[PDB]
Asks: 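This structure is in structure tokens; I'll ask about it shortly.
Chain letters run A, B, ... following the sequence lines, proteins first and then strands; every chain starts at 1. In what follows, every heavy atom counts, from backbone to side chain, and hydrogens, waters and symmetry copies are set aside.
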Amino acid sequence: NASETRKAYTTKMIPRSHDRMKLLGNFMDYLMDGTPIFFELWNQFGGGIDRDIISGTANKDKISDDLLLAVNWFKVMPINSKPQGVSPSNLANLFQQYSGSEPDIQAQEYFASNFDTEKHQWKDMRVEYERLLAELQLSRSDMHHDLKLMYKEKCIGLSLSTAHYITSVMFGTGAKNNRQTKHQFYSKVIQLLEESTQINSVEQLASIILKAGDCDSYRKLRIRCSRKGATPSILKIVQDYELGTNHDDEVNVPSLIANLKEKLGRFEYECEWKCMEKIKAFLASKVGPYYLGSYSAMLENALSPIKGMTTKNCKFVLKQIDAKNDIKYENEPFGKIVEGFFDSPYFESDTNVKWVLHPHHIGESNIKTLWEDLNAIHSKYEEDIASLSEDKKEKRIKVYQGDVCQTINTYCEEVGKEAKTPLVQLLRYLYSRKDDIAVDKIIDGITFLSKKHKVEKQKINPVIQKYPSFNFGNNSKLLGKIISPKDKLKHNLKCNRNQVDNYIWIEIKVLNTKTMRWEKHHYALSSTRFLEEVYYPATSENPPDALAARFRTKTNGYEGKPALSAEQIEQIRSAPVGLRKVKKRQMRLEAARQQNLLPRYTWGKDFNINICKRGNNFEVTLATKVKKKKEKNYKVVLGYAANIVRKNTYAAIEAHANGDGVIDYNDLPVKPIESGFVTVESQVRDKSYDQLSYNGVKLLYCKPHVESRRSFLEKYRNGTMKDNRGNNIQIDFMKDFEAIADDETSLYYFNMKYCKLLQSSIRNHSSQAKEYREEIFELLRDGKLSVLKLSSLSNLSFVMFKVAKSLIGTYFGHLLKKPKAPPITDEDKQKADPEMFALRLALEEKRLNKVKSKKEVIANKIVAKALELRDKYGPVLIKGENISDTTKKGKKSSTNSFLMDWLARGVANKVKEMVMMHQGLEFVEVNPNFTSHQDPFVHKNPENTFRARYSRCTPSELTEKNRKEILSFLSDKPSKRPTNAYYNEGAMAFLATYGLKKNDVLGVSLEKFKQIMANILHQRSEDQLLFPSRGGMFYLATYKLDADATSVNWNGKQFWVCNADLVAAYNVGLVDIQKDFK
RNA sequence: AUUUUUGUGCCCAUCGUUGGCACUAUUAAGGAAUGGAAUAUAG
DNA sequence: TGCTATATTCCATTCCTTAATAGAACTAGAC
DNA sequence: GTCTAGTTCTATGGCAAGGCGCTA
């Protein structure tokens, strides 16, 4: 029901005097230095846990007792860390020696887990526990007693309480509530309710609870039974009855009884520690005197990875077990026959070192079609040996063999256009053994080998200490606050300064490390974004109300661009170039205050202060909870479709619609509202450039840059192509260079492709690497049109940074290639050319920031659109595509490289977070299957309706590639891709509609095909033919779903020619649409 | 408690007219891929 | 018109997932 | 009277394809 996230604001610390920053420095170093003591100590505690302690415990999520013991007795940690190493073969033996019993299957899978043998090892935490006992001189009896209470207090085990809590109950010396009194009270309430099981009013319940505590009021009840702490839910009933807010609430007595009965265990004992005094004295010797807030904040940072890895490794072991059980070990014998390939004459290789076989080695299941073809050739060669061939069968057999070989080579080449190329020799070998293993067992055997290697490599998570950070705030932490805006105003008035300024002060209680006592101290921060959105005061009387969503942002309805006074403008203009952007925002903010345009922000004690000290830098973060209540009564669905090269798209669908444009969709009345592209327009003068699609200036305007490129490449003309049986053909790069140097080609295309040419050049002049240095600098770093200075967020721009990366890589690789002492490292590269190494790093950092910006700007458009729709219609459900498992070893690495820049996941995760801050927005991801081929609002209403995608182009620009593609669609050969059939319908409808036959496309000269199309189009007075093409820009939709669609007669039916992606966004919106209103 | 010069970043043949924008921080591991040099193979 | 293919080693990278942190409500006692 | 510094709180579809571009 309730929803929570945080919004953080980064800030810059504005230091005070050396000596005051030294004091905070010292405190932060004290907390950091103490944290590993708590880590080591809790790891010792875990190692003491045992059957007796965990007996009859919840044990949730199907984790067995062995697993729970194992995860606490044994952990994979860095080799050089303090606990003692243990060998993997020993784990079961030690477990039995500590348990009394052999480890079950869960603990068994834990111990078999893969890990990096050179970084980490298993560690024996039980030995760590023994060392606690010996060093602190605790009895096993005493420690075990404390350990058991700690277990029931959730200080250890699988579901820990908060550090603040654990610290308090273990270490605090405040007055405790008497637990026996609460046991008596809880037991009595149970009794009285068992004696009256059929009450139905809270009134009745309240009176029974009071009777149980022998009291007239809530106040007396609390004082006697639950003096200190948050109010237990059973006393809450009474409180709320006196307040009169729970009168017409239901009473479910069996629950009440059950809940009370559950809490009883924790009140059977008083929490009288036997060992805590010694453990505190040890702690005081290492981290200094006990204080709740400091010990708590140190413990926080130690517990996080200890409990985190327990949760994660437990889940991981369980998954491993499921995954081993999906492995069909009954297929091992088939594996071995396939794996026999390596012992065969078809693969023989020096050192005879073999590798793991995978489905893509035989081309997935397509081997079945290859076997069908090979078997047809064989059967037909058999009768050709009986009747056709008589005595001279020495030439017919040789013919069979060549035909077998050819059918295979053809198969691998076919497969290898859209995937990794299957291994000729492995398929030759496998066909030699047709009699030993059936084709569906070749697949199952290969699958067995691949899946078994995959599951058995999965790595356990090692337990690594945290780099800590410490939290200050209002409640249950180290004490701190942001000076409230009103207190800011008061403070400045008292010191006789300006009402307002641009800095943010915190007051935090900190330990003076010299006195080891607490002192409150003020520190200064700066963050313009915090100023704008939160802190800067609306002082003007009668300001606009605080906004529904709290922060003062454009997305929340505050443009924050007021008309500046003359002096304000001149402050901007006179500010140093490095400070002008910040001052402009300050000015715009200050104007908005003066002109009563700045809305209120409702201050609370809602911001946590997080401090991370790295060297002498302090990183201070301010973060606040943002609360939301879901609103499932949706009025609009906003589909979103993610693309790589083209633009992302959205589509809005009104649900429960009425009036004009309504469509009946399986009894639900719906209406298309709109569809669109996601663009991020940035204005330079009167022009505007779409960050997401701009591919750079035409080379028209770049001739000096390109001439300067040309001038260089001429000096390194020479290359020599692949030795195709010792040919050594000449290679001029200028033929390639001139292909890209047109006035119509874009800067980013030119730069990218030039990187690839320079790369190749370098490979042909490996001893002359150093000479490319300066022109690499010019291209990437220094030039006015270099990669670092000009680049959009377009796909091509990201491919630019990638190829630049690769070029630098080529450079270093050839520069440091030995004439022919270990491999070349980043240490080595940086020393050989710091500037170039630094350039690799600046390219890396520039790319990350571009990626981050993209995610943020795309997400903003989606959320802005959704908010806009919410304001007109009511609640919006945003639906994106569930994208996973994109990059696979079975695909060509060029395909994987192309898919890597997709960012659908990163964009979607950002929408997720942003949505959590707005009433009336929800985000789900849906199955994207057939999303690009469905006829929206016709598909599933009621018939399945799928159609191909279409390219549109003039006859001049038809390529061989297009003609070939259209012919592949008219091919009779079946496929297991269900979309194939759509393209085949498309190609058939293509012929009919332009009055062609297969014979007019098939075989005839490309040029003649262009002519044939030209004659047909000209007679029809059309500029452009549509043809079916995978990935095509256009879709022939029934409804007009692209505001700019034109109509067409296609095979005697009328469709709108829509952008294929605007169509996809509506389909994404429609996926299981009926479920979002059931 | 006063620093008054900065929260992080994004775009451009014109880097400014107030140029135009956007944004949850951190810690750690794991998962799947990618680039470069070279080796071994079959083409 | 051509973007050779598989597999491995070593040095490097990016995109994403999943374990965590960024406590609430309270009161006795100190101002 | 406000606030600090301590305590205790917590609640009852099987697969596998599909979803992604080239420039020129």
Asks: Can you pin down the groove, major versus minor, where a base atom lies under 5.0 Å from any side-chain heavy atom of A:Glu533?
Replies: major

Asks: Check whether the ring centres of A:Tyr523 and A:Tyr503 lie less than 6.0 Å apart, and answer yes or no.
Replies: no

Asks: Would you mind classifying the nucleic acid contact of A:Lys459 as base, sugar-phosphate or nothing, using non-hydrogen atoms under 4.0 angstrom?
Replies: sugar-phosphate

Asks: Between A:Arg763 and A:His120, which residue's closest nucleotide on RNA chain B lies nearer the 5′ terminus?
Replies: A:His120

Asks: Between B:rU24 and C:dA22, is there a Watson-Crick or G-U wobble pair with both distances below 3.5 Å?
Replies: yes

Asks: Considering only B:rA28, C:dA25, B:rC23, which nucleotide approaches the side chain of A:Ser476 most closely?
Replies: C:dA25

Asks: For B:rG16 and B:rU34, do both pairing distances fall under 3.5 Å in a Watson-Crick or G-U wobble arrangement?
Replies: no

Asks: Would you say the base of B:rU2 and the side-chain of A:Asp501 have a donor-acceptor pair closer than 3.5 Å?
Replies: yes

Asks: Is it true that the NZ or CZ of A:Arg614 lies under 6.0 Å from the centre of A:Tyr467's six-membered ring and within 45 degrees of the ring axis?
Replies: yes

Asks: Kindly say whether A:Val626 contributes a backbone atom to a donor-acceptor pair with the side chain of A:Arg6 at under 3.5 angstrom?
Replies: no

Asks: What is the distance from OH of A:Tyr467 to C1' of B:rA25, rounded to the nearest Å?
Replies: 16 Å

Asks: Give none if B:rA38 has no partner; otherwise give the nucleotide forming a Watson-Crick or G-U wobble pair with it, both distances under 3.5 Å.
Replies: C:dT8

Asks: What's A:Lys494 touching, base or sugar-phosphate or nothing? Going by heavy atoms closer than 4.0 Å.
Replies: nothing

Asks: Would you mind pulling out the nucleotide paired to B:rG43, Watson-Crick or G-U wobble, both distances under 3.5 Å?
Replies: none

Asks: If we define stacking as six-membered ring centres under 5.5 angstrom apart and planes under 30 degrees, are the neighbouring bases B:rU26 and B:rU27 stacked?
Replies: yes

Asks: Going by Watson-Crick or G-U wobble geometry, both distances under 3.5 Å, is B:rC15 a partner of B:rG35?
Replies: no

Asks: Picking from D:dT23, B:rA13, B:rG16, which would you name as closest to the side chain of A:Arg580?
Replies: B:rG16

Asks: Which base, if any, makes a Watson-Crick or G-U wobble pair with B:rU2, both distances under 3.5 Å?
Replies: none

Asks: Which nucleotide sits closest to the side chain of A:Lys466: B:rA13, B:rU3, C:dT21?
Replies: C:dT21

Asks: Where each residue is assigned the nucleotide of DNA chain D containing its nearest heavy atom, which of A:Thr895 and A:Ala739 is assigned the position nearer the 5′ end?
Replies: A:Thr895

Asks: For A:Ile740, which contact category applies under a 4.0 Å heavy-atom criterion: base, sugar-phosphate, or nothing?
Replies: nothing

Asks: Please classify the sugar of B:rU6 as north or south using the torsion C1'-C2'-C3'-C4'.
Replies: south

Asks: So what does A:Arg585 hit on the nucleic acid, given a heavy-atom distance under 4.0 Å: a base, only sugar-phosphate, or nothing?
Replies: base

Asks: Tell me whether A:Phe898 is stacked on the nucleobase of D:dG21, counting only the six-membered base ring and applying the 5.5 Å and 30° thresholds.
Replies: yes

Asks: Considering only NZ, NE, NH1 and NH2 on the basic side and carboxylate oxygens on the acidic side, decide whether A:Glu300 and A:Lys477 come within less than 4.0 Å.
Replies: no

Asks: What nucleotide among D:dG21, B:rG19, B:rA22 has an atom nearest to a side-chain atom of A:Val684?
Replies: B:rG19

Asks: Between A:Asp736 and A:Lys753, does any NZ, NE, NH1 or NH2 come within less than 4.0 Å of an OD or OE carboxylate oxygen?
Replies: no

Asks: Using centres under 5.5 Å plus planes under 30 degrees as the test, is A:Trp355 stacked with C:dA7?
Replies: no

Asks: Measure the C1'-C2'-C3'-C4' torsion in the sugar of C:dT4, then label it north if positive and south if negative.
Replies: north

Asks: A:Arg222 has a side chain; which of D:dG18, B:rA1, C:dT27 sits nearest to it?
Replies: C:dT27

Asks: Where the side chain of A:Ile14 is concerned, which of B:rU3, D:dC20, B:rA13 is the nearest nucleotide?
Replies: B:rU3

Asks: With a 4.0 Å cut-off on heavy atoms, is A:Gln458 in touch with a base, just the backbone sugar-phosphate, or nothing at all?
Replies: sugar-phosphate

Asks: Quick check on C:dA22: from the sign of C1'-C2'-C3'-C4', north or south pucker?
Replies: north

Asks: Remember a base hit wins even if backbone is also touched, and classify A:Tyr689 as base, sugar-phosphate or nothing at under 4.0 Å, heavy atoms.
Replies: sugar-phosphate

Asks: Using purine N1 to pyrimidine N3 plus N6-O4 or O6-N4 for Watson-Crick, or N1-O2 and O6-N3 for G-U wobble, both under 3.5 Å, which nucleotide pairs with D:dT12?
Replies: none

Asks: From C-beta outward on A:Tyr749, which listed nucleotide comes closest to its side chain: D:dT23, B:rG36, B:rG20?
Replies: D:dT23

Asks: Return whichever of A:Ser349 or A:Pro576 has its heavy-atom-nearest nucleotide of RNA chain B closer to the 5' end.
Replies: A:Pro576

Asks: Examine D:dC15 and say whether its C1'-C2'-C3'-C4' torsion places the sugar north (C3'-endo side) or south (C2'-endo side).
Replies: south

Asks: Write down the partner of D:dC20 under the Watson-Crick or G-U wobble criteria, each distance required to be under 3.5 Å.
Replies: none

Asks: If C:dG29 has a Watson-Crick or G-U wobble mate with both distances under 3.5 Å, name it; if not, just say none.
Replies: D:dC3

Asks: Which nucleotide, B:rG36, B:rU24, C:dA28, lies nearest any side-chain atom of A:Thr5?
Replies: B:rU24

Asks: Answer with base, sugar-phosphate or nothing: what part of the nucleic acid does A:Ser682 contact at a heavy-atom distance below 4.0 Å?
Replies: base

Asks: Could you let me know what B:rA28 is paired to, Watson-Crick or G-U wobble, both distances under 3.5 Å, or none if it's on its own?
Replies: C:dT18

Asks: Per the atom types in the model, does the base of B:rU3 pair as donor or acceptor with the side chain of A:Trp505 at under 3.5 Å?
Replies: yes

Asks: Need one value for A:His705: base, sugar-phosphate or nothing, where a base atom within 4.0 Å counts as base even if backbone is also close, heavy atoms only.
Replies: nothing

Asks: With DNA chain D as reference, determine whether A:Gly172 or A:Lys961 sits nearer its 5' end, using the nearest nucleotide of each.
Replies: A:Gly172

Asks: Answer yes or no: are the six-membered ring centres of D:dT4 and D:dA5 under 5.5 Å apart with planes under 30°?
Replies: yes

Asks: So what does A:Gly229 touch, heavy atoms closer than 4.0 Å: a base, only the sugar-phosphate, or nothing?
Replies: base

Asks: Between the side chains of A:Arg847 and A:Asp901, is the shortest nitrogen-to-carboxylate-oxygen separation below 4.0 Å, so that they form an ion pair?
Replies: yes

Asks: Is D:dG19 north-puckered or south-puckered, judged from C1'-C2'-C3'-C4'?
Replies: north

Asks: Would D:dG21 and D:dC22 be classed as stacked, given the thresholds of under 5.5 Å between six-membered ring centres and under 30° between planes?
Replies: yes

Asks: Under 4.0 Å, counting only non-hydrogen atoms across every strand here, what does A:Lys307 touch: a base, just sugar-phosphate, or nothing?
Replies: sugar-phosphate

Asks: Just checking: is there a Watson-Crick or G-U wobble pair between B:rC23 and B:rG7, both distances under 3.5 Å?
Replies: yes

Asks: Identify which nucleotide among B:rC11, B:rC23, D:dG19 has an atom closest to any side-chain atom of A:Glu881, counting heavy atoms from C-beta outward.
Replies: D:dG19

Asks: Check for me whether C:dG23 stacks on C:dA22 (ring centroids under 5.5 Å, interplanar angle under 30°).
Replies: no

Asks: Over all strands shown, is A:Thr11 touching base, sugar-phosphate only, or nothing at heavy-atom distances under 4.0 angstrom?
Replies: sugar-phosphate

Asks: Under 3.5 Å, is there a donor on one side chain and an acceptor on the other for A:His522 and A:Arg20?
Replies: no

Asks: Watson-Crick or G-U wobble partner for B:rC10, using a 3.5 Å limit on both distances?
Replies: B:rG20

Asks: Cation-pi check for A:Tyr165 against A:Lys154: NZ or CZ below 6.0 Å from the six-membered ring centre and within 45 degrees of the axis, yes or no?
Replies: no

Asks: Is the shortest distance from a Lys or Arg side-chain nitrogen in A:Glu532 or A:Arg529 to a carboxylate oxygen in the other one below 4.0 Å?
Replies: no

Asks: With distance as the sole test, does A:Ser791 use its side chain to make a donor-acceptor pair with the main-chain N or O of A:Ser797 at under 3.5 Å?
Replies: no

Asks: Choosing from D:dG19, B:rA32, D:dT4, which nucleotide comes nearest the side chain of A:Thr887?
Replies: B:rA32

Asks: With the six-membered base ring of B:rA1 as reference, does the ring of A:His491 sit under 5.5 Å away with planes under 30° apart?
Replies: yes

Asks: In Å and rounded to the nearest 0.5 Å, what is the NZ to CG distance from A:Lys802 to A:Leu796?
Replies: 11.0 Å

Asks: May I ask you to work out whether A:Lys581 makes its side-chain approach, under 5.0 Å, in the major or the minor groove?
Replies: major

